[PDB]
Amino acid sequence: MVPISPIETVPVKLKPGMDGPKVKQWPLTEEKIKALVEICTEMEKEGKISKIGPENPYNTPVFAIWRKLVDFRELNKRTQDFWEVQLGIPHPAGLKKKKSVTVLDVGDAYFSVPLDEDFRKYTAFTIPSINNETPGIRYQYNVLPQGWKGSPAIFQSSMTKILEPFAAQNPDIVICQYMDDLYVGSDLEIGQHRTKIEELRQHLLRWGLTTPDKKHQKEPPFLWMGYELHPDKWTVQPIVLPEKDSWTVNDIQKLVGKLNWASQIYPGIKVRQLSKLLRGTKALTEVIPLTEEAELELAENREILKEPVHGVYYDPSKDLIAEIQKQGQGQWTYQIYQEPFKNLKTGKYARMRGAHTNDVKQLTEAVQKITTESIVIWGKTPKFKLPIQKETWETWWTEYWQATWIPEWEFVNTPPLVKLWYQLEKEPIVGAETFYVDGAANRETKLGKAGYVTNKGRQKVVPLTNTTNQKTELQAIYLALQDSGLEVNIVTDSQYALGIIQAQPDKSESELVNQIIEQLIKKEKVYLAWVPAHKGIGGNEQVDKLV
Amino acid sequence: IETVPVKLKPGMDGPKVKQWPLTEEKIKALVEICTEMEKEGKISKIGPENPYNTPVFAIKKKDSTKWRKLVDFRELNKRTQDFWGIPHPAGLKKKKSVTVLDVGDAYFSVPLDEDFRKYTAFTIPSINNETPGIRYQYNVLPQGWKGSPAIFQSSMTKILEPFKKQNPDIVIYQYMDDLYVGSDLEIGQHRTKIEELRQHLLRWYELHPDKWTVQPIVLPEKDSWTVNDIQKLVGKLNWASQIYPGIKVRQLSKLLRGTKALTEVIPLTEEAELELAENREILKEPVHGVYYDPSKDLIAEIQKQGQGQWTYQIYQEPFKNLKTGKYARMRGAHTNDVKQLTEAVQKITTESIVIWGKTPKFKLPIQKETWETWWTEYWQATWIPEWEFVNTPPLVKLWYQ
Ligand SMILES: C=CC(=O)Nc1cc(Oc2ccccc2OCCn2ccc(=O)[nH]c2=O)c(C)c2cc(C#N)ccc12
């Protein structure tokens, strides 16, 4: 016998202060008991488990479905935490094309790696006896049990330590590990590649690990985690938008699932309306009628999902590009590619929950998202193509009160272009009328007034019902914008209004703010000045609106 | 060569902080650096039985192309037991000059307590999550951990004993991986003395706090005031009345009676000139009842002023500034707001370390996603402060300009 190299065990403990599991074994039928006795007899003959005496106080239930199924949920609750290395799956767009590629599933994955001996006593389980007239057969696991908390992490670390020297001494190939399957790729000739695959099977055999003696039953295209991996391209598994007479909540969540998943390769997928119909529902069976916006959006989704679209693999020798387009209503779409018309991947970005916004902030956020995703997938920041003029960006970031930055980018003239819709003056305007505005409301009756007095003697006061102080301050500014020329100075004491306008929104939830924005867009020059209230500043007429 | 027992605070587990994504060149730099450290025994690979993690990345300090490994030990620092203390040298800020030295290598010769090593675990990430991350744990005192200067304090005292006994006029302070050396010599004599101290430490950053002062609130001096000038003046004085008691604005607001054009010149009355003069006198004095409390946090606020100019205030209670400043330095960041902000945060944290011996909590005028995306690209210090994000534009910005 050729000596098998031992696999070093991982020392495992339980959570602090806790004890091993002690669960009552379920009564099983005679058939199930016989089946489990046969299975456990074979496993004991193979060495996966071993019989134990009555000293072991711990017990974990067992089932037969024959196949043995041990329910480790309690021991999983009581087992220590491990470093789970499977967080975020490798994206196909990050893979690098290889001439020859092989997939090797390892046989008896968890059952070929030994368990820490001091921990084996917590894996104890009993097989009930026929008519329960004898003590049940007691067993404990000697290897990593399927379903136990620590099996995937310990198996992955052991496999990594075993594969380390082979990968080190074979730099002309690439090896990757995922669950119970290994992916080996190389640009060598098919003969050299199959040879090195044999060398890998031998290296794994030196530790007592079994590889397919037959030809590997997995050949391209590979269907993996909703993906289609082809020798030269990748895509998503087919996305079919069904025809429904009435769409319920689960049908809409299925649709937004297929659309969110399909959006990573299909450019232009919109999910704003279909997900908007799910806002504040919390009912899985509630039927929600489709708005015409959601029907048109679904029609465009069917028009995009008509014929299949594929993505290419990553080539590190070519530059990485990411192009952004505005879609409207806070929707943005982007393509990441290295050659024109050949996308590595695509995606979308929806604006955050806010009361005021503008397009430049949303574009900035989308850029940050694409940057982080690209660093995850490819390890570098792409060069951007953005629908915004260099002059627009310079004016924005130079005049914006917050610090902001976009990585290297260039302008692409693909409408609709992001622009600045208005710009307030830095100094008062000579020759422009000065509107002193104010508004005030009663907290009980919700009655208020908003108006202005100007330096030319122009005046106005308007009474309002069902209003607040903030609403009347905004309304006063709005009246000044309505009744003034193309150039106007506006004096207010509202820290609220100044806080809103100084954030420079081009779209808002409040219709009053949006009306103010529409007025500002029509003006040539606007200087907005602030003064303290109730300080005796003439012109600032708090008494005129408190009547 | 003898490990000192170190534990965590009662009821607190080890740090479990997600490692953020890194570019390829930073990953390679960390692979080479950590390979060398493993050959030196400073770190060792660990298995999956270690669930703890602390983020790691790579920087390039000043005047150097070699990469450096930076570990974000903030969580482990706040979860590590309090070590005890030495009173802060209140004369370090008074000294004419201070030089900062990186004594981080000295920590790597002292072993780390066995049972504690598993809490210093970090992960070198892989691109696209292809291969598992390379997990390490420290065997010696790590740079960036607050326990490293506390443990090495005795050895550092023994090493710096001859130099301290030689020059009683030189102040020496230690914070994390940095040694602050203050004196009153000439720049050349200071540099030769710093070389003397570095070769003194070998066989075993020009700062000038004297050129820094606290900034008063100043008012314009004009011969002709417009309506806008007087309105802004009244706003600034009304804001300053929150800090200074006797500020009075009624005689200046009396000039604004009537609805006049913003650009119209208004002559000041005699009562308004007297009021403005009294306000100047009030503003020339320091703030009433402003003290430092070592039991409270320091808060630093930064405002972007444009044209590469930035303002900041360090306080503990609102309107009770302990320090104010204006950083306008231009150093290869002319076209990048985030790099400027990052250098400003580093300078303010340095001044805070010199003055009080601890780092402040920043309020940054930047969106969270932008800052957290880009700040590690321009970081050059060995410590990291805490920060929050300001999303509403503060009105008082121009009152600090
Ligand atoms: C970390 C991620 C990773 O390695 N993922 C994967 C890699 C892989 O092959 C490679 C193995 C070694 C190096 C690069 C590889 O692919 C480069 C791109 N590529 C992909 C397909 C193909 O035919 N030709 C081609 O060049 C295969 C076959 C995979 C199969 C499954 C299934 N089921 C799931 C994931 C796979």
Side-chain angles (χ1 to χ4, degrees), chain A residues 89-95 220-278 281 284 287-314 321-351 366 369-370 373-374 377 385 387 412 414-416:
Chain A
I89 68 184
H91 196 276
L95 311 183
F222 314 90
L223 309 181
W224 177 85
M225 305 302 304
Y227 288 110
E228 291 192 18
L229 300 177
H230 299 266
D232 55 320
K233 57 186 178 298
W234 74 274
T235 187
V236 293
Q237 290 176 12
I239 301 294
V240 181
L241 304 189
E243 314 280 353
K244 297 299 166 55
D245 306 327
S246 69
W247 298 82
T248 66
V249 153
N250 47 26
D251 290 339
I252 293 180
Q253 294 178 346
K254 271 176 165 292
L255 200 65
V256 78
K258 281 188 176 62
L259 288 175
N260 284 337
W261 182 251
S263 63
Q264 66 179 306
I265 187 50
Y266 288 103
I269 293 297
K270 303 177 184 177
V271 301
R272 162 162 173 85
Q273 303 291 341
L274 303 173
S275 179
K276 179 196 296 183
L277 268 55
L278 301 171
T281 61
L284 300 179
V287 187
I288 304 176
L290 277 62
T291 60
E292 189 57 272
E293 318 293 329
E295 263 284 331
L296 208 75
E297 196 182 52
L298 175 56
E300 287 165 0
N301 286 323
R302 301 180 188 273
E303 188 69 19
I304 295 179
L305 299 186
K306 170 175 290 183
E307 49 195 18
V309 183
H310 296 268
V312 297
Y313 287 130
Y314 177 60
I321 306 178
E323 187 171 338
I324 302 185
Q325 300 91 35
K326 172 191 180 187
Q327 287 185 317
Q329 302 85 51
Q331 293 179 113
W332 303 78
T333 188
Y334 68 88
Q335 299 79 47
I336 307 173
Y337 63 88
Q338 301 181 285
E339 298 289 345
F341 311 115
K342 303 252 273 296
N343 285 333
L344 280 171
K345 77 184 295 291
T346 61
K348 58 186 173 60
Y349 174 82
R351 71 161 180 257
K369 167 185 179 174
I370 298 165
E373 186 185 54
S374 300
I377 296 178
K385 290 180 181 174
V412 50
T414 303

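Scope of the values below: all heavy atoms of this structure, side chains included, with no hydrogens, waters or symmetry mates. Below, read A as the first sequence line, B as the second, and so on, with proteins coming before strands; counting in each chain starts at 1.
A/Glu339 is not listed as a side-chain neighbour of A/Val312, based on a closest heavy-atom distance of 4.5 Å or more. Between A/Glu323 and A/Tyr337, some side-chain heavy-atom pair lies under the 4.5 Å cut-off. Side-chain contact between A/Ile269 and A/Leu305 is present, with at least one heavy-atom pair separated by less than 4.5 Å. Residues A/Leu229 and A/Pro220 form no side-chain contact, since every pair of their non-hydrogen atoms from C-beta on lies 4.5 Å or further apart. Within the 4.5 Å cutoff, the side chain of A/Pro92 has no heavy atoms near those of the A/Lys345 side chain. With contacts defined as side-chain heavy-atom distances shorter than 4.5 Å, the pair A/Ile336/A/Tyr314 does not qualify. For the pair A/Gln335 and A/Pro267, the minimum side-chain heavy-atom distance is below 4.5 Å. Side chains of A/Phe222 and A/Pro231 form no contact here, defined as non-hydrogen atoms less than 4.5 Å apart.
How far OH of A/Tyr227 is from OG1 of A/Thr235: 10.0 Å, rounded to the nearest 0.5 Å. Atoms CD and NZ, on A/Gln325 and A/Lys348 in that order, are 14.5 Å from each other to the nearest 0.5 Å. Once rounded to the nearest 0.5 Å, the distance linking CG of A/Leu278 with CG of A/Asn250 reads 10.0 Å. For the atom pair A/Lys306 NZ and A/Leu241 CG, the distance stands at 12.5 Å (nearest 0.5 Å). A distance of 13.0 Å separates CG of A/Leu298 from CD of A/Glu293, quoted to the nearest 0.5 Å. Taking NZ from A/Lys369 and OG from A/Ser374, the interatomic distance works out to 11.0 Å, rounded to the nearest 0.5 Å.
With hydrogens and angles left out, the side-chain atoms of A/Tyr334 and A/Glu373 include a donor and acceptor closer than 3.5 Å. A donor-acceptor contact closer than 3.5 angstrom is absent between the side chains of A/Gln273 and A/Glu295. With hydrogens and angles left out, the side-chain atoms of A/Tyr313 and A/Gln338 include no donor and acceptor closer than 3.5 Å.
Minimum heavy-atom separation, A/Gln253 to A/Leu284: OE1-CD2, 4.1 Å. Nearest heavy atom pair, residue A/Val256 against residue A/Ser275, reads CG2-CB, 4.4 Å. Contact record, A/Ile370 with A/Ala322: CG2-CB, 3.8 Å, taken as the closest heavy-atom pair. Scanning all heavy atoms of the two residues, the minimum distance from A/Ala366 to A/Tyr349 falls at CB-CD2, 3.9 Å. Here the shortest heavy-atom pairing between A/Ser246 and A/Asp251 reads O-OD2, 4.0 Å.
For A/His91 (side chain) and A/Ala93 (main-chain N/O), a donor-acceptor pair under 3.5 Å exists by modelled atom type. Side-chain atoms of A/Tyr266 never come within 3.5 Å of backbone atoms of A/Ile304 as a donor-acceptor pair (strictly under, hydrogens ignored). A donor-acceptor pair under 3.5 Å is formed between the side chain of A/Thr333 and the backbone N or O of A/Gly347. Within the 3.5 Å criterion, the main-chain N or O of A/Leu344 finds a donor-acceptor partner in the side chain of A/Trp234. Within the 3.5 Å criterion, the main-chain N or O of A/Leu259 finds no donor-acceptor partner in the side chain of A/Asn301.
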Task: Stepwise side-chain contact (heavy atoms from CB on, under 4.5 Å) test for A/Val236 and A/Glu228 - done: CA-CA 6 Å; A/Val236 293; A/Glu228 291 192 18; over 6 Å; no

- [ ] Mind running side-chain contact (heavy atoms from CB on, under 4.5 Å) on A/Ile288 and A/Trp247 for me, showing each step along the way?
- [x] CA-CA 7 Å; A/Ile288 304 176; A/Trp247 298 82; over 6 Å; no

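Open room surrounds NZ on A/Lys254; 12 or fewer heavy atoms of other groups in view lie less than 6.0 Å from it. No more than 12 heavy atoms of other residues, nucleotides or ligands sit less than 6.0 Å from atom NZ of A/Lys342.
For the pair A/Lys258 and A/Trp261, the NZ or CZ position fails the cation-pi test of under 6.0 Å to the six-membered ring centre and within 45 degrees of the ring normal.
The only member of A/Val271, A/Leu255, A/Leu274 that meets side-chain contact (heavy atoms from CB on, under 4.5 Å) when paired with A/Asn260 is A/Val271.
Salt-bridge formation is detected for the pair A/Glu243/A/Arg302: a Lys NZ or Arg NE/NH1/NH2 atom is positioned less than 4.0 Å from an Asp or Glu carboxylate oxygen. Electrostatic pairing of A/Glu297 and A/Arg272 does not count as a salt bridge here, judged by no charged N lying under 4.0 Å from a carboxylate O.
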